[PDB]
Amino acid sequence: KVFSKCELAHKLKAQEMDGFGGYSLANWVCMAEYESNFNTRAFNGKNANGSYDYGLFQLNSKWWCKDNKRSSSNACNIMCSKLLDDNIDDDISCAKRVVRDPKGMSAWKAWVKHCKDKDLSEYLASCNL
Ligand SMILES: [Ca+2]
């Protein structure tokens, strides 16, 4: 599934992401745009580390989810394939676990590169009155 920006914003809002970990809904949506281009089937086989990144939030196979091709801490207690389907509730629950760790949203390198310290005041302007 490929979300529209505003579709994703409203989904994330409904799952209590606005201000989650201190980060605005715009920040959460921005991370998704630059990590996966809003595509739930996004997949990066060789990360800079060596691990693989899965789904809308590009969750890695070393710390967060498990596939059976490398060792994983599997901190989200989830098969990596479940981050490639259309429904993102489990992706969201995992991203909530990820942000509470010491880097916060800087865990996501594409968020750091494209969204961090940027003015997102108009980023979700089309999604609300
Ligand atoms: Ca999923």
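No Cβ is skipped: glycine too gets one built from the backbone with ideal geometry, and neighbour counts run over all protein chains shown. Each reported figure results from applying straightforward, stated rules to the coordinates on display, with no laboratory input.
Using a/c under 1.5 as the rounded threshold, could you call region 83-129 rounded, prolate or oblate? The axes a ≥ b ≥ c are square roots of the C-alpha gyration tensor eigenvalues, and prolate needs a/b larger than b/c, oblate otherwise.
Oblate, since a/c reaches 1.5 and b/c is not below a/b.
Going by average Cβ neighbours within 10 Å, how do the peptides 80-91, 43-54 rank, with the highest at the top? Intermediate values should be presented prior to the final figure.
Working: 80-91: 17.0, 43-54: 15.2.
Descending packing order for the listed peptides: 80-91, 43-54.
For the chain, with only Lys/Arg (+1) and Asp/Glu (-1) charged at the beta-carbon, what is the dipole magnitude about the Cα centre, in debye rounded to 20?
Taking the Cα centre of the chain as origin, the dipole is about 540 debye.
Show me, for region 92-109, the HN-Hα J-couplings you get by feeding each phi into the Karplus relation (A = 6.51, B = -1.76, C = 1.60, θ = phi - 60°), rounded to Hz, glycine and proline as x.
Coupling constants for region 92-109: 5, 4, 5, 4, 4, 5, 4, 5, 6, 6, x, 7, x, 6, 5, 3, 9, 5 Hz.
Would you mind checking 11/69; 1/66; 13/113; 1/69 for any pair whose Cα atoms are more than 30 angstrom apart?
Check vs 30 Å cut-off fails for 11/69.
Provide Rg over Rh for the chain; use the alpha carbon set for both Rg and the Kirkwood Rh (inverse mean inverse pair distance). The partial results should precede the final answer.
Values: Rg = 13.8 Å, Rh = 14.6 Å.
The Rg/Rh ratio comes out at 0.95.
Under a 5 Å amide H to amide H cut-off, with H placed in plane at 1.01 Å, what residues pair with residue 79 once short-range neighbours are removed?
66
Which value, in Å to one decimal place, does the Kirkwood hydrodynamic radius take for region 1-72 when every pair of different Cα atoms is included? Could you put the intermediate results ahead of the total?
On the way: mean 1/r = 0.0774 Å⁻¹.
12.9 Å is the Kirkwood radius here.
State which stretch of the chain is the longest one without any exposed GluC sites (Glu not before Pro), exposure meaning a DSSP loop state and at most 13 other Cβ atoms within 10 Å.
Answer - 17-121.
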